[PDB]
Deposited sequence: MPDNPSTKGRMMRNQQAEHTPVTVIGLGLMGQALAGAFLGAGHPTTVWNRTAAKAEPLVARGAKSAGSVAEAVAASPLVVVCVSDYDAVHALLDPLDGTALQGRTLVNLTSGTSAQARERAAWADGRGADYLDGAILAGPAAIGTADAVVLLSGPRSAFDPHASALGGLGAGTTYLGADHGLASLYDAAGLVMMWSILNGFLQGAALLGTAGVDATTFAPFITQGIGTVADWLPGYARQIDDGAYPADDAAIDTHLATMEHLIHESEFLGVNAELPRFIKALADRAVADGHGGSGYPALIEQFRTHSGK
């Protein structure tokens, strides 16, 4: 099964590498042409149009959806007819949904994706690559695409999903790093080093993560039982976190933000509910 890869930054190379390493006749193109991939078995290509004509499966990985626009919008109406396009460029759900409409009007199958791992992980069990789009676009190329890693996974029909998953993962990542930093600062005031702190906090991170499947069950019904842990009882402790932060002269913006949300929930009379009732705060504005 021949496959084409458009875009050869760090990630584009990894992608092409995995397709060669899995035995695919692999055609390649980049703006700045120029090499190692053609030195393994890769056929290099003269233009974008030649790259697209080479394979029924076309993969795109460039910096943003503006670059995607730049390389794909100029193509002939016929160039994509009957082909499957897989766009692994990072972007928003709206960008993905747009390319899906565009690709449909250009007579093509389209999968929108997102890579959640570094270039080194591609082709291993560490790779996570999410795909969204219709089954008719994915099933025929499932074997080919599995070549990027066992973590290559199909999320469902709506082309917006990969983006949304990538967003949920990113906000969680920033949330954790910032929580960690707030912690290290606090403890640093008493001279405890970050490296002493870390093993403590990773144990705790694991504990909290185990609570989430249950919080998900609560969110999927509209049912937020207190379980001796109601939002009201969090409130006092959040004040302490703020007072402690202020008093030691570290930043308190994060603790104050945390208290703000809980106050809102109390103000809509959800004081008596479990923490996951805060989903309503995250749903509005």
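Within the chain's deposited sequence, the coordinate-free stretches run 1-19, 54-55, 307-309 in sequence order.
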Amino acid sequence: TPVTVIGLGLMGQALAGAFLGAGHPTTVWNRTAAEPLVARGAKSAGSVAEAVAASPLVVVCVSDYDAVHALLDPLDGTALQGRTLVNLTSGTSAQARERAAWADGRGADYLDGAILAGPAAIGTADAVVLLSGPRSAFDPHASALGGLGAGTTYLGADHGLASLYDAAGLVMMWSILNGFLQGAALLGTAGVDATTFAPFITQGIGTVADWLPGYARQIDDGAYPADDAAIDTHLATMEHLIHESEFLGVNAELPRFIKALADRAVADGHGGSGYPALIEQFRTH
From here on, numbers count along this sequence of modelled residues.
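When 270-278 is weighed against 8-16, 8-16 comes out higher, by mean CA B-factor as recorded in the entry. Taking the PDB entry as given, 130-138 carries the higher mean Cα B factor of the two stretches 130-138 and 179-187.
Looking at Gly91, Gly107, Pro213, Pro199, the one whose CA carries the top B-factor in the deposited record is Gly107. The PDB entry assigns the greatest CA B-factor among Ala33, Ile242, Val60, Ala67 to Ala33. Sorting the modelled residues of the chain by their CA temperature factor places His234 in the middle third. Ranked against the other modelled residues of its chain, the C-alpha B-factor of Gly82 as given in the entry falls in the highest third. Among all modelled residues in this chain, the alpha-carbon of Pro255 has a temperature factor (C-alpha) in the lowest third. In the PDB entry, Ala265 places in the middle third of its chain by CA B-factor. The entry lists a Cα temperature factor for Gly249 that places it in the lowest third of the chain's modelled residues.
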